[PDB]
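J.: Provided herewith is a single structure, encoded as structure tokens, for subsequent inquiry.
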Amino acid sequence: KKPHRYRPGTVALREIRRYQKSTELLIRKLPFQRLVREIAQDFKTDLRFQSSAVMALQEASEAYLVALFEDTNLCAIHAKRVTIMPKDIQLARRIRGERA
DNA sequence: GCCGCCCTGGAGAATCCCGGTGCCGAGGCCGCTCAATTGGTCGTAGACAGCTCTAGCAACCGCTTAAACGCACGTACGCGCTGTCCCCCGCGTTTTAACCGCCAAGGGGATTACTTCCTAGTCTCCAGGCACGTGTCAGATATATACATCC
């Protein structure tokens with residue numbers, strides 16, 4: 001219960017300016033390893049993983065999600081909005097050719 | 001005469017600066033060592049020349065006709081404004097699991113060296129499949145001619 005609450009949006013701009021400067025991975029390593037192993041046991045059983053393989057998968061997945069979020073933000077801005085919605089992701093993936 | 005209180009001076013300890021010496025990152029030097037270099041030989045890939053036949057190109061023609069263009073009207077939709085409500089954001093508090101540091105043994109896989117043998121490259125010879133051209137043949141199409149019929 002303290003005064004001087006911040007306006008909704010300048011904190012998000014601060015995290016935008018912070019996370020666009022830094023280069024570290026934004027997803028924790030152990031949940032991503034568990035997700036990769038859970039996906040990979042469907043294709044083949046008794047699969048071992050190098051740590052650099054999981055790191056390459058994490059780098060590629062984070063780059064893909066960041067680029068998709070940039071296209072999604074462009075979709076949301078084009079619809080005279082500032083909030084991203086699942087239809088923006090759907091339109092971005094449709095124009096990209098993933099849903100086409 | 002005896003005892004208590006205020007003012008001022010020089011010596012002991014803390015700190016800054018400089019010199020001698022030991023440790024981390026990087027570069028010169030040395031040793032192995034394997035792949036780039038050099039030299040020679042030879043086969044053939046490609047450059048060059050030559051002839052033949054077909055497509056493209058610049059600039060013009062003529063004719064047709066459907067597409068393009070201009071204009072007027074009208075109305076549907078993009079856009080701006082306002083309300084509203086709801087849902088996402090900011091923040092405080094509590095939980096929880098990521099992260100790092102640990103076993104405990106065992107298998108997977110990357111190398112180094114070695115052996116062996118099966119299979120694919122290479123060469124020679126041959127023949128049949130593919131590409132092209134043509135004679136022939138059965139299905140599809142159009143009309144010639146004869147019969148039943150309405151006015």
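How things are named: the first chain in the structure tokens is A, the next is B, and so on; residues count from 1 in each chain; ligands count from 1 in the order shown.
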If you count only C-alpha atoms (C1' of nucleotides), which residues fall within 12 Å of residue A:1, apart from same-chain ones fewer than 4 positions away, as an NGL selection string?
T.: (:A and (5)) or (:B and (91-93))
J.: With only C-alpha atoms (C1' of nucleotides) counted and 10 Å as the cut-off, give the residues of chain A in contact with chain B, each with its shortest interatomic distance in Å and the pair that gives it, as a tab-separated table.
T.:
```
residue	atom	partner	partner_atom	distance
A:1	CA	B:92	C1'	7.8
A:2	CA	B:91	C1'	9.3
A:5	CA	B:90	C1'	7.5
A:6	CA	B:90	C1'	7.0
A:7	CA	B:90	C1'	8.2
A:8	CA	B:89	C1'	5.9
A:9	CA	B:89	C1'	7.9
A:11	CA	B:90	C1'	8.4
A:12	CA	B:89	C1'	9.0
A:28	CA	B:98	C1'	7.4
A:29	CA	B:98	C1'	8.1
A:30	CA	B:98	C1'	7.2
A:31	CA	B:98	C1'	9.0
A:48	CA	B:108	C1'	8.9
A:83	CA	B:88	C1'	9.6
```
J.: Taking the DSSP secondary structure from the backbone, can you list the residues of chain A that are alpha helix (DSSP H), as JSON, numbers by chain?
T.: {"A": [10, 11, 12, 13, 14, 15, 16, 17, 18, 19, 29, 30, 31, 32, 33, 34, 35, 36, 37, 38, 39, 40, 41, 42, 43, 51, 52, 53, 54, 55, 56, 57, 58, 59, 60, 61, 62, 63, 64, 65, 66, 67, 68, 69, 70, 71, 72, 73, 74, 75, 76, 77, 78, 86, 87, 88, 89, 90, 91, 92, 93, 94, 95, 96]}
J.: When you draw a straight line from atom CA of residue A:23 to atom CA of residue A:60, how long is it in Å?
T.: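 Between these atoms lies a distance of 13.3 Å.
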J.: So how far away is atom CA of residue A:65 from atom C1' of residue B:96, in Å?
T.: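 Taking atom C1' of residue B:96 as the start and atom CA of residue A:65 as the end point, the length is 26.6 Å.
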J.: In Å to one decimal, how far is atom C1' of residue B:115 from atom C1' of residue B:34?
T.: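 Rounded to one decimal, the two atoms are 24.3 Å apart.
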J.: For residue A:70, please output as a VMD selection string all residues within 12 Å (counting only C-alpha atoms (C1' of nucleotides); exclusion window: fewer than 2 positions along the same chain).
T.: chain A and resid 16 20 63 to 68 72 to 77 84 88 to 89 92 to 93
J.: Those same residues, written as a short mmCIF file (atom, residue, chain, number, x, y, z; two decimals), in the first residue's frame with N, CA and C atoms?
T.:
```cif
data_model
loop_
_atom_site.label_atom_id
_atom_site.label_comp_id
_atom_site.auth_asym_id
_atom_site.auth_seq_id
_atom_site.Cartn_x
_atom_site.Cartn_y
_atom_site.Cartn_z
N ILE A 16 10.50 -3.46 -23.03
CA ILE A 16 10.82 -3.53 -24.46
C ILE A 16 12.23 -3.01 -24.70
N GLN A 20 15.37 -5.78 -25.65
CA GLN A 20 15.94 -5.62 -26.97
C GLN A 20 17.42 -5.26 -26.93
N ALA A 63 14.58 -17.31 -31.60
CA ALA A 63 14.64 -16.42 -32.76
C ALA A 63 13.36 -16.49 -33.59
N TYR A 64 12.83 -17.71 -33.77
CA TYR A 64 11.58 -17.89 -34.51
C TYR A 64 10.41 -17.21 -33.80
N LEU A 65 10.33 -17.36 -32.48
CA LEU A 65 9.23 -16.75 -31.73
C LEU A 65 9.34 -15.23 -31.71
N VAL A 66 10.56 -14.69 -31.63
CA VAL A 66 10.74 -13.24 -31.63
C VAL A 66 10.37 -12.64 -32.99
N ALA A 67 10.78 -13.30 -34.09
CA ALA A 67 10.41 -12.82 -35.42
C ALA A 67 8.90 -12.93 -35.66
N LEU A 68 8.28 -14.01 -35.17
CA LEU A 68 6.83 -14.14 -35.28
C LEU A 68 6.11 -13.09 -34.45
N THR A 72 3.54 -10.35 -35.74
CA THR A 72 2.27 -10.26 -35.04
C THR A 72 1.99 -8.83 -34.57
N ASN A 73 3.02 -8.14 -34.08
CA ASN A 73 2.87 -6.75 -33.67
C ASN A 73 2.56 -5.86 -34.86
N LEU A 74 3.18 -6.13 -36.01
CA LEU A 74 2.84 -5.39 -37.23
C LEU A 74 1.39 -5.65 -37.65
N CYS A 75 0.92 -6.89 -37.49
CA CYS A 75 -0.47 -7.23 -37.76
C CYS A 75 -1.42 -6.47 -36.84
N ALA A 76 -1.08 -6.38 -35.56
CA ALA A 76 -1.94 -5.71 -34.59
C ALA A 76 -1.94 -4.20 -34.80
N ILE A 77 -0.80 -3.64 -35.18
CA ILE A 77 -0.72 -2.21 -35.48
C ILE A 77 -1.52 -1.89 -36.74
N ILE A 84 -1.79 -7.53 -29.05
CA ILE A 84 -1.70 -8.66 -29.96
C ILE A 84 -2.72 -9.71 -29.56
N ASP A 88 -3.89 -12.22 -34.97
CA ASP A 88 -2.70 -11.59 -35.54
C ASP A 88 -1.61 -12.62 -35.82
N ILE A 89 -1.42 -13.58 -34.91
CA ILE A 89 -0.48 -14.68 -35.13
C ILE A 89 -0.93 -15.54 -36.30
N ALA A 92 -0.24 -13.61 -39.52
CA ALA A 92 1.20 -13.58 -39.80
C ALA A 92 1.69 -14.92 -40.32
N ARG A 93 1.22 -16.02 -39.73
CA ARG A 93 1.63 -17.34 -40.21
C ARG A 93 0.98 -17.69 -41.54
#
```
J.: Find the residues around residue A:55 up to 10 Å (only C-alpha atoms (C1' of nucleotides) counted), leave out those fewer than 6 positions away in its own chain, and share them as an mmCIF file with N, CA and C atoms, in the first residue's frame.
T.:
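File written: selection23.cif
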```cif
data_model
loop_
_atom_site.group_PDB
_atom_site.id
_atom_site.type_symbol
_atom_site.label_atom_id
_atom_site.label_comp_id
_atom_site.auth_asym_id
_atom_site.auth_seq_id
_atom_site.Cartn_x
_atom_site.Cartn_y
_atom_site.Cartn_z
ATOM 1 N N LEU A 25 19.058 -15.924 -23.396
ATOM 2 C CA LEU A 25 17.848 -16.688 -23.658
ATOM 3 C C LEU A 25 16.773 -16.339 -22.636
ATOM 4 N N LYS A 29 16.202 -23.134 -18.988
ATOM 5 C CA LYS A 29 16.852 -24.218 -19.718
ATOM 6 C C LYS A 29 16.190 -25.566 -19.449
ATOM 7 N N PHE A 32 12.778 -26.238 -21.152
ATOM 8 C CA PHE A 32 12.989 -26.439 -22.578
ATOM 9 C C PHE A 32 13.594 -27.807 -22.866
ATOM 10 N N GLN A 33 14.507 -28.280 -22.008
ATOM 11 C CA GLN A 33 15.047 -29.631 -22.165
ATOM 12 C C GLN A 33 13.959 -30.681 -22.002
ATOM 13 N N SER A 61 14.487 -21.632 -31.645
ATOM 14 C CA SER A 61 13.106 -21.453 -31.213
ATOM 15 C C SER A 61 12.851 -20.037 -30.721
#
```
